Amino acid sequence: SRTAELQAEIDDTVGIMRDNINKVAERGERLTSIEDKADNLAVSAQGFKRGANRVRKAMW
Amino acid sequence: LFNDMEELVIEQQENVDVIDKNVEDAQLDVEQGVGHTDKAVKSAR
Amino acid sequence: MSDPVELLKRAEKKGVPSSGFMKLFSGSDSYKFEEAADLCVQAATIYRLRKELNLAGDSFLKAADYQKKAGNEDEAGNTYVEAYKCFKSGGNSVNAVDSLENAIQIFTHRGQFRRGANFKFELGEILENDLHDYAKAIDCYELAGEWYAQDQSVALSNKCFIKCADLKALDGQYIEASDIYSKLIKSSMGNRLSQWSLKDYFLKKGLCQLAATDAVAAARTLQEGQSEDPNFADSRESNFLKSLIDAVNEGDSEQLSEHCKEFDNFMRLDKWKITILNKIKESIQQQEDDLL
Amino acid sequence: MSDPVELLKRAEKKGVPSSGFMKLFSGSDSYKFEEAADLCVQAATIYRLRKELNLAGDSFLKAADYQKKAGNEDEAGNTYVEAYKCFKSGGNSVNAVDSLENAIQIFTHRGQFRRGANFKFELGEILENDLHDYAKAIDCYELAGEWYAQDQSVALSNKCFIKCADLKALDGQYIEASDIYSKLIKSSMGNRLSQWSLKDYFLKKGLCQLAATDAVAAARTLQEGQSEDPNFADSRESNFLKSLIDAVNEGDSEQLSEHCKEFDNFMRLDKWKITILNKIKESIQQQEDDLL
Amino acid sequence: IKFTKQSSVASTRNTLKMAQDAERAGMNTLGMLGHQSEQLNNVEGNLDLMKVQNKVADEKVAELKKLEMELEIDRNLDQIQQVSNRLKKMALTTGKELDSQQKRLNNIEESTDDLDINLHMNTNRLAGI
């Protein structure tokens, strides 16, 4: 009866952790998208800095 | 399946490094930009 | 909504460079190409909303060409990536290949080795799965792995080099595949996180060395792995590779097939291992046929 | 493409500050260094494209120095990170270390203790693996973990403390390493994610205190582990630590050797614990030398 | 009967080994996820500060424009059960932590996109001044 209980527990962990695999796949997709958008964010921040600097020089 | 999960996390380390670095640079660049617009507003007045 | 055909016609009209006497009075043509690109982008967006994806890709290609003519190469690379997305979702793998080649060229020229490696990898995927151009896919994966290795991306480098080694071994290039596996092994030593790949790695290396009929190479690889990685020493993979080497040295193809079945029962042989193992069996059988 | 040597020469001619009379008529030198830095960065990207990483890193260092002279400290830090990238990818650990030191000083000077700590950890790793500078790598890990505690990042501080105590214990400094293990125990106590880490910590602390001939100290460390951490109470680590304490209490080196063997039998032992336990046995042998 | 017992002993040995190795895999995964959680906490803090700075930028730009064998089987099963309990806890754990980080990464995505749009808007406005 012990070995059967161990088998059942292992099966349940297998199920939980297959769901974990699916979740980490979703997480990897999300992280790739966030990397792309943060590259966009950094480029935009640099552009905003440079434009603000150019306006600062313009009014000076 | 542990192994595949763990490998996917391997790959995701660099995603996390790049997000931290890029968002840091973006925050710093915007801080400089907001400083520049503050000085521009000061000069225009 | 505007008609995308009219947007493209206006883009074409504006994209004509200043020729002759008018060039003395016209400013930089950069500006004109910028609006030709903007009009093409608008047409591309309207096509994308209509799910006319291949046309959207074509419009993005035109926009990227005009952006290149304007000197805005970074925008051109981004628009090539957009044309790529449209083509890939549209099932037009050839134009998708072309878009990534252009985009990767722009990115590498701008020192963005990271982005170029990402897209070189995706391009290799399209070549492996959709177009079945395995050789230039091998080239793609090798170069992407090199770019990742320069960036100290051990992991993405390793993913590319796994794929490169697998495709090389499937293409009969067993020695070079074994060498890439040697590099991958050397990169995965001492990293707690990768040891599972490491066992797999040793096995594959030996298998290629058995497909090249160099059983001595398989033996030294297996001894090496047994000594440098205790987890591999006691593993099923090490024992299986011992057993395959023993079968190969004996010239007993049946014993090899028995060992393959035994290993299969406990650890499913994926398609790649089946292919290489079948090659090894065939080399054995050919040797008996010559000895007979 | 332009010749990078010509770009560097132009930057070097342009790196000369105004001196004397023309300083009274020449504007701020910041623009001039900006031009030199742009030229050096361009040359260095070119060098990077030809895989000449060391020259690219040197040009990055030159550009970072010029940008420091220009007052753009943050861009200088980014260029130092680039110099680090090309030096470490180039196999030159010393110049990569120099870039890391400059970058860390820059980041700490700007209030970015986070970047300082991350790059201090990278610096300590490089020292431990390539240059075998153990003491200075120990300091790097300690400082990184301290700044991480200042940044409220529990995990980074915990990891840095683990390697810090590891290096300190292996280098003969048992008491301080055990103290850092006490810090690790306290910081990791009550967290379900770091449970396993704790299970190890108690053992490591006891081992370090036992290498310091303080048997009562390993005894209290074990008793603390048993009473405070329920999982460690039933853990094989607790039993191994009590048996080590018992063997050294008896001064029976044979019994100690046996317990090392059973501990290896179910859980393969790591070089850190082997070195510490060898030191404990050799302390039994030094005790033996005293015994005459 | 003896051979079958030997086979059982060997199989329990393998089970205990590779179970322990699975324990390791999950453990380092969890430490790694905590590390990346801390990094994402930093990302979130920077995004919040950036939102505030973009509010300031909005107002400034607006004004700017205005201006023996049985026993071994038993013991190996004992050890396997202990490890398996620890494995189950780890699996439930990783599911939970991935869920929380998934919601966090989502919010990070929209926040980054919004900041990007706002910065592009302000840069376009500054271009005309």
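Thresholds applied
Residues numbered from 1 in each chain as written, not as in the entry; some residues may be left out. Chains lettered and ligands numbered in written order. Part of a larger assembly, values for the part shown. Heavy atoms only, no water. Helix = DSSP H or I, 4+ residues; strand = E, 2+ residues; numbered from the N terminus. Rg over C-alpha atoms; globule rule 2.2 N^0.38 Å. Buried < 20%, exposed > 50% of the residue type's maximum accessible area, 1.4 Å probe, protein only. Areas by Shrake-Rupley, 256 points an atom, 1.4 Å probe, with all protein chains shown as cover. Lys, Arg positive; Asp, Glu negative; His and termini not counted. Charge placed at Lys NZ, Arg CZ, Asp CG, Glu CD. Patch = residues over 30% accessible without salt bridge, like charges linked within 9 Å, V, L, I, M, F, W, Y side chains within 5 Å. Salt bridge = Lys/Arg side-chain N within 4 Å of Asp/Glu carboxyl O. Axes fitted to C-alpha atoms, helices over the stretch in contact; angles between N-to-C directions. Parallel < 35°, antiparallel > 145°, perpendicular 65-115°, else oblique. Left-handed = near helix turned anticlockwise from the far one by under 90°. Contact = heavy atoms within 4.5 Å. Nonpolar A, V, L, I, M, F, W, Y, C, P; charged D, E, K, R; others polar. Core = buried A, V, L, I, M, F, W, Y, C linked by side-chain atoms within 4.5 Å. Buried area = accessible area lost by both parts, 1.4 Å probe. Polar contact = N/O pair within 3.5 Å; in protein donor to acceptor, adjacent residues only side chain to side chain. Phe/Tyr/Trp six-rings, centres within 6.5 Å; stacked < 30°, edge-to-face > 60°.

(A) Fine view of the overall build of chain E. When you go through chain E residue by residue, the secondary structure sums to 2 helices and 0 strands. Here the C-alpha atoms of chain E give a radius of gyration of 28 Å, more than 25% beyond the 14 Å that 2.2 N^0.38 yields for 129 residues. When each of the 129 residues of chain E is scored for burial, the buried share is 49%. Put simply, chain E shows about 6,400 Å² of open surface, and 54% of that area lies on carbon and sulfur atoms. Each charge sign in chain E was given a centre, from 18 positive and 20 negative side chains, and these centres are 2 Å apart.

(B) Summary view of a negative patch on the surface. Residues and elements named next belong to chain D. On the surface, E254, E258, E262, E288, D289 and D290 cluster together into a negatively charged patch. For the negative patch, the elements supplying multiple residues, two or more each, are α14 (253-266) and α15 (271-290). Mapped onto the fold, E262 is located in helix α14. Overall, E262 belongs to the partly exposed group, its relative accessible area being 45%.

(C) Representation of the packing of helix α2 (residues 30-49) of chain D against helix α3 (residues 53-70) of chain D in the model. All names here are of chain D. It is the contact of α2 with α3, at a shortest axis distance of 8 Å, that shows an interaxial angle of 165°. The orientation of α2 relative to α3 falls into the category roughly antiparallel. Crossing of α2 over α3 shows left-handed handedness. Mapping the contact onto sequence places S30, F33, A36, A37, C40, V41, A44, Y47 and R48 in α2 and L55, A56, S59, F60, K62, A63, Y66, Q67, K69 and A70 in α3. In the contact of α2 with α3, the residues fall into 13 nonpolar, 3 polar and 3 charged.

(D) Up close: unusual backbone geometry. All names here are of chain C. One non-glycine residue, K51, lies in the positive phi region at around 60°. Relative to the helices and strands, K51 resides in the loop between α2 (30-49) and α3 (53-70). One non-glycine residue, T213, lies in positive phi territory at about 65°. Within the element layout of this structure, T213 appears in the loop between α10 (195-211) and α11 (215-228). For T213, a relative accessible area of 44% translates into the label partly exposed.

(E) Here's a closer look at the nonpolar core. Judged by nonpolar contacts, the single largest core of 87 residues is most densely connected at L210 and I280 of chain C. Per-element accounting of this core gives the leading share, 9 residues, to α2 of chain C. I280 of chain C has contacts with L207, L210, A211, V248 and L256 of chain C, leaving out every residue within four places of it along the chain. Grouped together as the second largest cluster of nonpolar side chains are 83 residues, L8, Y80, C86 and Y141 of chain D included.

(F) Highlighting the interface of chain A and chain E. Each partner contributes residues to the interface: chain A has 31 residues there, and chain E has 38 residues. When the two sides are added together, the surface that chain A and chain E hide from each other amounts to roughly 3,000 Å², 65% of it contributed by carbon and sulfur. Where chain A meets chain E, there are 4 salt bridges. Linking chain A with chain E are 16 residue pairs in polar contact, by the criterion used here. Residue classes in the side of chain A that touches chain E are distributed as 14 nonpolar, 8 polar and 9 charged.

(G) A look at the packing of aromatic side chains. All names here are of chain D. Enumeration according to the criterion identifies 15 aromatic pairs over all chains in this entry. Both rings, one in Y181 and one in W272, keep their centres 5.8 Å apart while their planes meet at 80°; by these two values the pair is edge-to-face. Linking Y181 in helix α9 (residues 174-188) with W272 in helix α15, this pair joins segments that are 91 residues apart in sequence. Residue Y181 is classed as buried on the basis of its relative accessible area of 1%. What makes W272 buried here is its relative accessible area of 4%. For the ring pair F263 and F266, a centre distance of 5.2 Å and an interplane angle of 70° mean the geometry is edge-to-face.

(H) Inspection of the packing of α11 of chain C against helix α13 (residues 236-250) of chain C at higher detail. Residues and elements named next belong to chain C. Direction vectors running N to C along α11 and α13 enclose 160°, while the axes themselves pass 10 Å from each other. The orientation of α11 relative to α13 falls into the category roughly antiparallel. Handedness of the α11/α13 crossing: left-handed. Residues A215, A218, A219, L222, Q223 and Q226 of α11 touch α13, and the partners they reach there are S238, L241, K242, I245, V248 and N249.

(I) Region of the structure containing the side chain of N46 of chain E. Topologically, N46 of chain E is positioned in helix α1 (residues 2-66). By relative accessible area, which is 8% here, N46 of chain E ends up buried.

(J) Structural detail: the interface of chain D and chain E. Taken together, the contact pairs 13 residues of chain D with 18 residues of chain E. Of the roughly 1,300 Å² buried between chain D and chain E on both sides combined, carbon and sulfur atoms contribute 53%. If you look at where chain D meets chain E, you find 0 salt bridges. The interface formed by chain D and chain E holds 5 residue pairs in polar contact in total. Here the element with the most residues in the side of chain D that touches chain E is helix α8 (residues 154-170) of chain D; it accounts for 4 residues. In terms of residue class, the side of chain D that touches chain E is built from 6 nonpolar, 2 polar and 5 charged.

(K) Local environment of the environment of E44 of chain E. Residue and element names in this part refer to chain E. Within the element layout of this structure, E44 appears in helix α1. Residue classification places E44 among the partly exposed residues on the basis of a relative accessible area of 23%. Setting aside anything within four residues of it in sequence, one finds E44 in contact with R104 and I108.

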